[PDB]
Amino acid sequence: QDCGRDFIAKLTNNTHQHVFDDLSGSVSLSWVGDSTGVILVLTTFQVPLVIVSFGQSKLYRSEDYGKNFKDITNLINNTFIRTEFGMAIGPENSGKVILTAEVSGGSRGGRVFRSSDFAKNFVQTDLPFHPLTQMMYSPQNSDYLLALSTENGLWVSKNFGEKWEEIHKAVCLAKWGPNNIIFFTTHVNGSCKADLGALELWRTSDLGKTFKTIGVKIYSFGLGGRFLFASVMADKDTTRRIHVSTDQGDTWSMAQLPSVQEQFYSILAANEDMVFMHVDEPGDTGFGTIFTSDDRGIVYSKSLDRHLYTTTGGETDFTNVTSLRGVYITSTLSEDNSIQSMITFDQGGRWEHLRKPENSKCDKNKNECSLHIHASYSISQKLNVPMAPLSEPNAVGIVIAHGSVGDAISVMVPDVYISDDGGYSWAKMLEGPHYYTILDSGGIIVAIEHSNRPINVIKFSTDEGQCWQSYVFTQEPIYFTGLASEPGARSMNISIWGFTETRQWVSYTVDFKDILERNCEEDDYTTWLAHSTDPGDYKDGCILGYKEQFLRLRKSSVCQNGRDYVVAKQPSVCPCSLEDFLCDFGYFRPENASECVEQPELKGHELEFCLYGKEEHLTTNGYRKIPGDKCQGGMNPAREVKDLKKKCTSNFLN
């Protein structure tokens, strides 16, 4: 190995232990705020919601980055927090922390402990209701809160939880929208479970003063990107159709999929540009089809066939690689019924098989050596996968994830794989399942073994996952409970907590400041360009029509980086090629193919769909520009959506 390195001493005097005596129930630990030194340790209990129990949560606060903790349990005197609730941390730079508790003796309402200075000072407030779910911060204003009571009342606070007001009494689900909009479902005469498919979707812009009914016959609803979704039960055949709105519910249009029937729909992801939709195959055989939308979220086309989903739950391995724009990974079922990982580098326009890792000299079956990246489908299938793939936008290109080969042994015990180029290439870095975390904007990666035995080893990397070192952080191994990174782009502190076994809790805070004492210089970085699936240099590094140069620490780097891995210079526009286009409505890409062909059952038939009550006729060469793609020049295939005379029904709510 050429990783090289002495580092023990730099960590030994930077490892801070705190023993928490006489703790029952689960222990939560959280850093509060960037560069505040604040850590909260909170004990919670698993108690049913309808049950009044006598208990006392313990609460500890550190203000020196985990070196010392003060018992501040007297603040939450005669209350306890439920494990499901935990803490209600606000936005990153908000300073808001709410501890939602219940009174030990029982009370008519819950009790919240509110802080607006990164948990340095709390005030107590009694609720006029029992919260059914944790309070929700409004993304636009952290002073606006909503909560659902145990009597299904929708409560709203304007002044950060001090004063609460009930605005509707029969609410099933409520979600914040943009600009402090509240969307919620309601019903009459019965329960929410009984009135499924007959709920009403309401909207509020006044924090509860006036309402608008934006949908009826509602089965469920959700938000994603700039899109509002609603599953509507039109016919009494229990058939459900997804309706999409981009104007906060004022106008709706049913999702238009090619070759429609009696299928189950699911939104995998959605941003400001497009919608990923999953549609189960008729028969509930465990695989479906991914469709991508246009920029209105209405017109869909085939993106990926045989997409695996869990029958009970609907989970898929669909993974947004947030560290590289336009990159998504998921799992499909081959014709040989072997699991495959597929990756797209163009937001679902084209998918390719995940490349085998280098140096894995396995060579028995062609479907062996295949790297399956584990996510929510693996989780749902009860595979030993403690974490989904992890990535951060500021840590450009880094993905850490559990993976397995085609062997049953590998599926029982997955390994930890690293990619530095957004998932184009992978390498096995750690044996066995681990919990992991990225911090210092990718400058530090930490992993901790997941097993039944107590652990005392931190595995860390400072060169974005290319070299790993083990640090024994204690001589009394602990049963692992949690791993938490200090927030912040240049954060260098991690917190491990766990127990020995009555049990004794302990937290270890490790500071990588002395490990990274040397600031990186020019030689410590290497440049790289993102992978593009079309051949040639001319589009090397192009993502959705944009070319940017990326930075990466050289292998064996041990130095603190202070710059962005995405160079803050002029991005160049790339020429359009096939990778910049989705297949059009009614077209698809066969496996390994770059060109779209028409779906066989649609050949000889006119391509038509309904766009807000109007019949539209589609003439196309088979391609349409990916939403958000900024390419100019080169490929420019034509398409035309001409308005017809006929009017159809694209909206089954009102």
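The numbering used is simple: start at 1 and walk along the sequence shown.
Deposited sequence between residue 237 and residue 238: no residues lack coordinates (chain continuous). The modelled chain breaks between residue 260 and residue 261, where 1 to 3 residues of the deposited sequence lack coordinates. Higher mean CA B-factor, judged across 329-337 and 88-96 from the recorded values: 88-96. Just going by the entry, 429-437 versus 74-82 on mean CA temperature factor gives the higher value to 74-82. Per the PDB entry, 615 shows the highest C-alpha temperature factor of the residues 629, 598, 615, 595.
When the Cα B-factors of 343, 279, 566, 268 are read from the PDB record, 566 comes out highest. Sorting the modelled residues of the chain by their CA temperature factor places residue 54 in the highest third. Annotation for residue 190: CA B-factor lies in the highest third of the chain's modelled residues. In the PDB entry, residue 17 places in the lowest third of its chain by CA B-factor. When the modelled residues of the chain are ordered by their C-alpha B factor, residue 36 lands in the middle third. Among the modelled residues of its chain, residue 473 has a C-alpha B-factor that falls in the lowest third according to the deposited record.
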